[PDB]
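With compact mmCIF, C-alpha atoms and all ligand atoms inside, this is start-v8.txt:
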# COMPACT_ATOMS: atom_id res chain seq x y z
CA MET Z 1 110.01 8.12 30.39
CA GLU Z 2 110.88 8.42 34.07
CA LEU Z 3 112.09 11.45 36.01
CA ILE Z 4 112.90 11.85 39.70
CA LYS Z 5 110.95 14.59 41.48
CA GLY Z 6 112.95 17.81 41.75
CA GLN Z 7 114.95 17.18 38.56
CA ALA Z 8 114.84 18.52 35.01
CA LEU Z 9 115.07 16.61 31.77
CA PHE Z 10 115.76 17.83 28.24
CA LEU Z 11 113.08 16.57 25.84
CA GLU Z 12 114.21 16.10 22.24
CA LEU Z 13 111.66 16.59 19.46
CA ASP Z 14 111.62 16.73 15.68
CA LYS Z 15 111.90 20.36 14.54
CA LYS Z 16 110.09 20.01 11.21
CA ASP Z 17 106.42 21.07 11.25
CA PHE Z 18 106.40 21.33 15.06
CA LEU Z 19 103.76 23.78 16.31
CA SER Z 20 103.50 23.58 20.09
CA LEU Z 21 104.30 21.55 23.22
CA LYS Z 22 101.67 21.47 25.95
CA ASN Z 23 101.16 20.14 29.47
CA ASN Z 24 97.40 20.33 29.88
CA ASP Z 25 96.77 23.96 28.90
CA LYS Z 26 100.33 25.08 29.78
CA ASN Z 27 102.68 25.80 26.87
CA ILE Z 28 106.28 24.60 27.21
CA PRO Z 29 108.85 26.67 25.25
CA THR Z 30 111.31 25.02 22.88
CA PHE Z 31 114.85 25.93 21.78
CA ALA Z 32 117.24 24.59 19.14
CA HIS Z 33 119.30 21.47 19.60
CA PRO Z 34 122.86 22.86 19.25
CA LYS Z 35 124.20 19.68 17.64
CA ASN Z 36 121.29 18.27 15.59
CA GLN Z 37 119.77 20.88 13.26
CA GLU Z 38 116.71 18.62 12.79
CA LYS Z 39 115.85 18.60 16.52
CA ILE Z 40 114.59 21.03 19.13
CA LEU Z 41 114.71 20.73 22.91
CA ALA Z 42 112.49 21.60 25.85
CA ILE Z 43 113.14 21.50 29.59
CA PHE Z 44 110.57 19.60 31.64
CA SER Z 45 110.89 19.79 35.43
CA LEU Z 46 108.97 18.11 38.24
CA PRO Z 47 108.49 19.92 41.56
CA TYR Z 48 110.06 18.35 44.63
CA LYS Z 49 106.98 18.90 46.82
CA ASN Z 50 103.74 17.20 45.81
CA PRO Z 51 104.43 16.30 42.16
CA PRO Z 52 101.92 14.48 39.96
CA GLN Z 53 102.30 10.72 39.76
CA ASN Z 54 102.47 10.84 35.96
CA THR Z 55 102.60 13.48 33.25
CA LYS Z 56 101.55 13.38 29.60
CA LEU Z 57 102.75 16.11 27.25
CA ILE Z 58 101.40 16.56 23.74
CA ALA Z 59 103.64 17.84 20.97
CA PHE Z 60 101.33 19.26 18.29
CA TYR Z 61 102.63 19.06 14.71
CA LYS Z 62 101.06 20.37 11.52
CA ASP Z 63 99.91 16.81 10.72
CA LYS Z 64 100.09 14.86 13.98
CA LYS Z 65 100.03 14.90 17.74
CA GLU Z 66 102.75 13.05 19.62
CA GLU Z 67 102.10 12.13 23.24
CA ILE Z 68 104.90 11.94 25.82
CA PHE Z 69 104.39 10.04 29.08
CA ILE Z 70 106.62 10.81 32.05
CA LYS Z 71 106.45 8.79 35.27
CA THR Z 72 107.51 10.53 38.50
CA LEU Z 73 110.08 8.70 40.64
CA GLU Z 74 110.67 9.39 44.32
CA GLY Z 75 114.45 9.09 44.01
CA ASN Z 76 116.84 8.43 46.86
CA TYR Z 77 116.85 11.75 48.72
CA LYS Z 78 117.81 12.04 52.36
CA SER Z 79 114.67 12.48 54.43
CA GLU Z 80 113.93 12.86 58.13
CA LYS Z 81 110.59 12.76 59.92
CA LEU Z 82 109.57 16.07 61.43
CA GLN Z 83 108.18 15.74 64.94
CA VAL Z 84 106.65 19.14 65.74
CA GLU Z 85 103.46 19.50 63.70
CA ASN Z 86 103.23 23.25 64.44
CA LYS Z 87 104.27 24.38 60.95
CA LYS Z 88 102.29 27.62 60.51
CA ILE Z 89 104.86 29.96 62.09
CA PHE Z 90 103.66 33.43 63.13
CA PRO Z 91 106.17 36.08 61.98
CA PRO Z 92 105.76 39.76 62.88
CA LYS Z 93 103.80 41.71 60.29
CA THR Z 94 106.87 43.62 59.16
CA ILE Z 95 108.57 40.32 58.23
CA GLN Z 96 105.49 38.79 56.59
CA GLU Z 97 105.29 41.86 54.33
CA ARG Z 98 108.93 41.69 53.27
CA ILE Z 99 108.62 37.94 52.59
CA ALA Z 100 105.47 38.47 50.51
CA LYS Z 101 107.02 41.30 48.51
CA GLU Z 102 110.25 39.43 47.72
CA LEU Z 103 108.24 36.33 46.73
CA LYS Z 104 106.13 38.35 44.25
CA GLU Z 105 109.27 39.91 42.79
CA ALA Z 106 111.06 36.59 42.47
CA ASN Z 107 108.04 34.84 40.91
CA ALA Z 108 107.75 37.60 38.29
CA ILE Z 109 111.40 36.99 37.36
CA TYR Z 110 111.27 33.18 37.35
CA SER Z 111 108.05 33.18 35.32
CA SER Z 112 109.74 35.28 32.64
CA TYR Z 113 111.28 33.55 29.64
CA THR Z 114 114.21 34.91 27.67
CA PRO Z 115 113.91 33.12 24.31
CA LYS Z 116 117.63 33.10 23.47
CA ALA Z 117 120.81 31.67 24.98
CA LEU Z 118 122.56 34.10 27.32
CA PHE Z 119 124.97 31.37 28.42
CA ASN Z 120 128.26 30.48 26.76
CA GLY Z 121 128.94 26.75 26.60
CA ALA Z 122 128.98 24.53 29.68
CA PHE Z 123 128.19 25.61 33.24
CA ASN Z 124 131.13 25.71 35.64
CA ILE Z 125 130.75 25.34 39.38
CA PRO Z 126 130.74 28.76 41.14
CA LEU Z 127 133.72 27.83 43.34
CA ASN Z 128 136.19 24.97 43.47
CA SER Z 129 135.01 23.57 46.79
CA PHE Z 130 132.90 20.60 47.91
CA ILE Z 131 129.27 19.95 48.78
CA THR Z 132 128.45 20.01 52.50
CA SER Z 133 124.66 19.83 52.24
CA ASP Z 134 122.99 18.06 49.32
CA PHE Z 135 120.00 19.22 47.32
CA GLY Z 136 116.75 17.55 48.26
CA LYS Z 137 117.30 16.83 51.94
CA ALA Z 138 113.71 16.74 53.13
CA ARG Z 139 111.78 16.99 56.37
CA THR Z 140 108.53 15.03 56.21
CA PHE Z 141 105.30 15.11 58.21
CA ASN Z 142 102.14 13.14 57.32
CA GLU Z 143 104.23 11.01 54.91
CA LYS Z 144 104.41 14.28 52.92
CA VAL Z 145 107.24 16.74 52.37
CA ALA Z 146 107.07 19.65 54.79
CA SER Z 147 110.25 21.34 53.53
CA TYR Z 148 113.37 20.56 51.56
CA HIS Z 149 116.78 21.92 50.64
CA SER Z 150 116.13 23.60 47.29
CA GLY Z 151 119.81 24.04 46.35
CA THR Z 152 123.24 22.62 47.19
CA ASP Z 153 125.67 24.08 49.75
CA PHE Z 154 129.39 24.40 49.01
CA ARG Z 155 131.93 24.70 51.78
CA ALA Z 156 133.13 28.29 52.01
CA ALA Z 157 134.68 30.36 54.76
CA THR Z 158 133.26 33.88 54.91
CA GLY Z 159 134.82 35.98 52.16
CA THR Z 160 135.41 33.29 49.55
CA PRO Z 161 135.15 34.63 45.97
CA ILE Z 162 132.12 33.32 44.07
CA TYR Z 163 132.08 33.23 40.27
CA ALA Z 164 129.14 33.09 37.84
CA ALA Z 165 128.41 29.49 36.83
CA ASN Z 166 127.63 30.72 33.28
CA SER Z 167 127.16 33.96 31.36
CA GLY Z 168 123.89 35.83 31.60
CA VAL Z 169 122.07 38.87 32.98
CA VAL Z 170 121.83 39.65 36.69
CA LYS Z 171 118.18 39.88 37.73
CA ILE Z 172 118.47 39.99 41.55
CA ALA Z 173 121.29 41.46 43.58
CA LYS Z 174 120.16 42.47 47.05
CA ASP Z 175 119.55 41.24 50.57
CA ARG Z 176 116.41 39.12 50.90
CA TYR Z 177 114.90 37.55 53.95
CA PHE Z 178 115.52 33.80 53.58
CA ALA Z 179 118.30 33.96 50.95
CA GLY Z 180 120.25 36.81 52.61
CA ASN Z 181 122.48 38.68 50.19
CA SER Z 182 121.37 37.08 46.91
CA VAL Z 183 122.40 37.04 43.25
CA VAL Z 184 120.16 35.49 40.59
CA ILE Z 185 121.30 35.27 36.94
CA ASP Z 186 119.08 34.70 33.85
CA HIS Z 187 120.90 32.36 31.44
CA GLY Z 188 118.11 32.32 28.86
CA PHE Z 189 115.49 29.67 28.15
CA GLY Z 190 114.04 30.00 31.66
CA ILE Z 191 117.30 28.85 33.31
CA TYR Z 192 118.32 30.87 36.42
CA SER Z 193 121.30 30.27 38.71
CA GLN Z 194 121.15 31.39 42.34
CA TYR Z 195 123.95 32.39 44.74
CA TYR Z 196 122.74 32.91 48.32
CA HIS Z 197 124.00 33.96 51.79
CA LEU Z 198 126.77 36.14 50.38
CA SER Z 199 128.73 38.55 52.53
CA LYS Z 200 129.26 40.95 49.61
CA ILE Z 201 127.45 41.53 46.30
CA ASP Z 202 129.73 42.65 43.46
CA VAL Z 203 127.13 42.99 40.64
CA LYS Z 204 124.10 45.16 39.85
CA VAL Z 205 120.68 44.27 38.47
CA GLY Z 206 120.68 44.39 34.68
CA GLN Z 207 124.42 43.78 34.41
CA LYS Z 208 125.68 41.36 31.78
CA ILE Z 209 128.01 38.80 33.34
CA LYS Z 210 130.55 36.41 31.85
CA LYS Z 211 131.06 32.81 32.89
CA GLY Z 212 133.76 32.78 35.55
CA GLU Z 213 133.28 36.45 36.44
CA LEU Z 214 133.31 37.45 40.12
CA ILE Z 215 129.80 38.06 41.46
CA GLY Z 216 130.52 38.45 45.18
CA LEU Z 217 131.97 36.98 48.34
CA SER Z 218 130.45 34.10 50.23
CA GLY Z 219 129.17 34.67 53.74
CA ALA Z 220 126.51 33.57 56.18
CA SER Z 221 123.83 36.18 55.53
CA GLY Z 222 120.32 34.95 56.18
CA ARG Z 223 121.97 31.69 57.26
CA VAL Z 224 121.67 30.09 60.69
CA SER Z 225 124.19 27.26 60.14
CA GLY Z 226 127.17 29.52 59.54
CA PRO Z 227 129.17 30.34 56.44
CA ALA Z 228 128.46 28.51 53.17
CA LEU Z 229 127.54 29.14 49.52
CA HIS Z 230 124.04 27.99 48.62
CA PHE Z 231 123.87 27.36 44.86
CA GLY Z 232 120.54 26.85 43.12
CA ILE Z 233 119.16 26.28 39.64
CA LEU Z 234 115.63 27.10 38.59
CA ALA Z 235 114.56 25.67 35.27
CA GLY Z 236 111.23 24.80 33.72
CA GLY Z 237 109.69 27.03 36.39
CA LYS Z 238 110.92 24.82 39.30
CA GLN Z 239 113.88 24.47 41.61
CA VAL Z 240 115.82 21.43 40.37
CA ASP Z 241 118.86 19.41 41.46
CA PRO Z 242 121.64 21.80 40.41
CA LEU Z 243 124.53 19.38 39.84
CA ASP Z 244 122.23 16.91 38.05
CA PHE Z 245 120.96 19.78 35.86
CA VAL Z 246 124.49 21.01 35.11
CA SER Z 247 125.53 17.49 34.14
CA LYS Z 248 122.56 17.14 31.79
CA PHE Z 249 122.97 20.65 30.37
CA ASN Z 250 126.71 20.25 29.79
CA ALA Z 251 126.25 16.94 27.95
CA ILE Z 252 124.30 18.93 25.35
CA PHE Z 253 125.96 22.35 25.17
CA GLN Z 254 129.58 21.43 26.10
CA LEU Z 255 131.25 21.54 22.70
ZN ZN B 1 121.49 25.64 50.90
Please re-express this file's structure in structure tokens.
Ligand SMILES: [Zn+2]
Amino acid sequence: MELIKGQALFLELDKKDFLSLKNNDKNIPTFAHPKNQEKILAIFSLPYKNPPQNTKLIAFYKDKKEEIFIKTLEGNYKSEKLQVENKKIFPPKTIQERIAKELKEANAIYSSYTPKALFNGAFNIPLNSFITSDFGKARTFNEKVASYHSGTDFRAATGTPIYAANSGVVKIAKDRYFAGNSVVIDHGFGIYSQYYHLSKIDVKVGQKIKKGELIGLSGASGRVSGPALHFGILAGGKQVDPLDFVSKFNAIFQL
């Protein structure tokens, strides 16, 4: 198989006598195929920055092992050469501490795995606008990726209502350094949607949220380039192309 870096794919496997799916020593969770009672699914994601060239997963069955080869593709992302090498910025200690604390908190959430569906059918887009900055726009130095846009930006004047892309449980709902006013929702199966730079947060941590339910108002918090809605998806432990993921997810769980 082939998969572009920074995207997810849904792996389909036989359910009968399946024991475990592994990437080296890392276990990949499985969930039911909603349409084919003899299949299960798993989400495999490749990181945008510095992915392996190839991946081999082993599905262990009671009587066999089944290998799965995945070749990484570079894709056709927009990319611009950085010019200033000076990358190690030097923030004040008070900012370094906040950054480090919010990163620990987020990683604890994104590493967690809810082993049931909290979603309800297909994902919807969080507002009926248009993309002004695509996922995966990269800045490169040393023929390597120095940074990239880890979500997609929708056009939104400050104060535009933002709605949950799918049902789930709010896990983050506060102001964070790079994301500004942030909402993160657990949809189950390690799938999280992200709503950043809001001007107003209308949900609390732990709250159960319905698809299409108001979660806040867009803004420009934490954002230098003015008002927009940054929408992200984390799945398989990685930030992935959100509209690509939604398209792949909806093809399976639509009906
Ligand atoms: Zn963005």
### Message
Give me, as a PyMOL selection string, the set of residues whose atoms come within 7 Å of any atom of ligand ZN 1 (chain B), counting all atoms listed in the file.
### Response
chain Z and resi 133+149-153+230-231
### Query
What separation in Å, quoted to one decimal, exists between atom CA of residue 105 of chain Z and atom CA of residue 44 of chain Z?
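Atom CA of residue 44 of chain Z lies at a distance of 23.2 Å from atom CA of residue 105 of chain Z.
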### Message
Let me make sure I understand: among Z:89, Z:170, Z:185, Z:11, which one has the smallest atom-to-atom distance to residue 232 of chain Z if we use all atoms listed in the file?
### Response
Z:185
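From atom CA of residue 224 of chain Z back to atom CA of residue 5 of chain Z, the distance works out to 26.9 Å.
Taking only C-alpha atoms into account, residue 235 of chain Z lies nearest to Z:187 out of the set Z:208, Z:187, Z:26, Z:139.
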### Message
I'd like the contact shell of residue 250 of chain Z - 12 Å cut-off, all atoms listed in the file, skipping same-chain residues fewer than 3 positions apart - returned as an NGL selection string.
### Response
:Z and (10 or 34 or 119-125 or 165-166 or 242-247 or 253-255)
#### Entry: Residues near residue 58 of chain Z, cut-off 8 Å, only C-alpha atoms, skip fewer than 3 positions along chain, as a PyMOL selection string
chain Z and resi 21-23+65-68
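With all atoms listed in the file as the atoms that count, the minimum distance from residue 54 of chain Z to the choices Z:107, Z:4, Z:75, Z:203 is reached by Z:4.
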